[PDB]
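Heads up: the structure comes next, in structure tokens.
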Amino acid sequence: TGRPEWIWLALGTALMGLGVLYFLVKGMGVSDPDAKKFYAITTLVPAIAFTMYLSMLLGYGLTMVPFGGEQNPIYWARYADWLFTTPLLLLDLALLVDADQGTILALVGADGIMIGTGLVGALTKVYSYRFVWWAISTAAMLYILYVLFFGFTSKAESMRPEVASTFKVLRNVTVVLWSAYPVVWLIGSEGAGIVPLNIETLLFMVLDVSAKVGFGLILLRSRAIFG
Ligand SMILES: *C/C=C(C)/C=C/C=C(C)/C=C/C1=C(C)CCCC1(C)C
């Protein structure tokens, strides 16, 4: 079949793969419980991305959706990855700053909406309605970034500077990477079809790997994960 984007699915599989192992090993050597908590979460994130990147490399998670007069290539496995990976990341951020149960619930729920409306949008046949769904998903994302920026940051000020520091970095990395997803989606295959599938896959692996292995590297080398 050899699709053009495959080289990127292969690089993503590999990066996600190397990251899950390194974290796994690091985490089972650690004895501190809290740190163990953070390790178990952060290692799972790329582990899942790894399976999905593998599937897509092997020909799964792809479907052709009709809209705009075309049979467009829609990688739906991505939402199968992000449905569980994005909330887990919010959780790491939530545990880092002592977020309350209610804040976490609303965050994940928001996240659930964002990924669901996003997939629904990527599956929609009427071109215009694709952007309606995309719109809701993005609005849901903004709520999440808001809580993380205004909420969390504020509560991270009750922690040690080392903890608030690790968090700001993590929060900052998240805000920049997440912000880029709706835009890639809008000018890509699910959207205006301006950017070709291959460049889009590369944009997505870069963000994905940056947001999971990048985020993890920073979180796990920090002494903030300890109780
Ligand atoms: C490891 C993957 C991560 C951290 C993925 C984050 C993904 C997003 C913030 C995705 C957002 C989307 C929208 C705001 C609307 C359109 C569809 C999505 C799912 C691409």
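Position 1 is the first residue of the sequence; numbering continues from there. We use all heavy atoms of the structure for the numbers below, so side chains are in, but hydrogens, waters and symmetry mates are not. One-based numbering, in listed order, for ligands and for the atoms of each.
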Note to self: Around atom NZ of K155, are there more than 12 heavy atoms from other residues, nucleotides or ligands closer than 6.0 Å?
What the structure shows: yes

Note to self: Only heavy atoms of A211, strictly under 4.0 Å: list the atoms of ligand 1 that pass.
What the structure shows: 4 (C)

Notebook entry, point to check: Among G118, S137, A122, whose heavy atom sits nearest atom 12 (C) of ligand 1?
Noted result: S137

Check: Who passes side chain to side chain contact (heavy atoms under 4.5 Å, CB included) against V206, sequence neighbours left out?
Finding: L202, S210

Notebook entry, point to check: Can you tell me which residue and heavy atom of the protein come closest to atom 10 (C) of ligand 1, and the distance to 0.1 Å?
Noted result: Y181 CB, 3.5 Å

Margin query: Students should be able to answer this: which protein heavy-atom is nearest to atom 1 (C) of ligand 1, and at what distance?
Written below: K212 NZ, 1.4 Å

Note to self: Under a plain distance cut-off of 3.5 Å, with no hydrogens placed, do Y75 and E190 share a side-chain donor-acceptor pair?
What the structure shows: no

Note to self: Per the side-chain hydrogen bond (donor to acceptor under 3.5 Å, both in side chains) rule, what does the pair list look like for residues 83-94, sequence neighbours excluded?
What the structure shows: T42-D92, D81-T85, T86-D111

Checklist line | Protein residue, atom and distance nearest to atom 18 (C) of ligand 1, heavy-atom basis | finding: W185 CD1, 4.1 Å

Next item on the list: Kindly identify the option in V120, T86, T174, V173 whose heavy atom sits closest to atom 5 (C) of ligand 1.
Entry: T86

Item checked: Residue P182 vicinity, atoms of ligand 1 by number, heavy atom under 4.0 Å -> 14 (C)

Check: OH of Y22: more than 12 outside heavy atoms within 6.0 angstrom?
Finding: no

Check: When you check the gap from the basic side-chain N to the acidic O, do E162 and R160 get nearer than 4.0 Å?
Finding: no

Margin query: Can you confirm if the aromatic rings of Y79 and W82 lie within a centre distance of less than 6.0 Å?
Written below: yes

Next item on the list: Identify, by atom number and element, the atoms of ligand 1 in contact range of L89, meaning under 4.0 Å from any of its heavy atoms.
Entry: 4 (C)

Margin query: Taking only non-hydrogen atoms of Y79, do any sit less than 4.0 angstrom from ligand 1?
Written below: yes

Next item on the list: Under 4.0 Å from a heavy atom of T138: give me the atoms of ligand 1 that qualify, with their elements.
Entry: 14 (C), 15 (C)

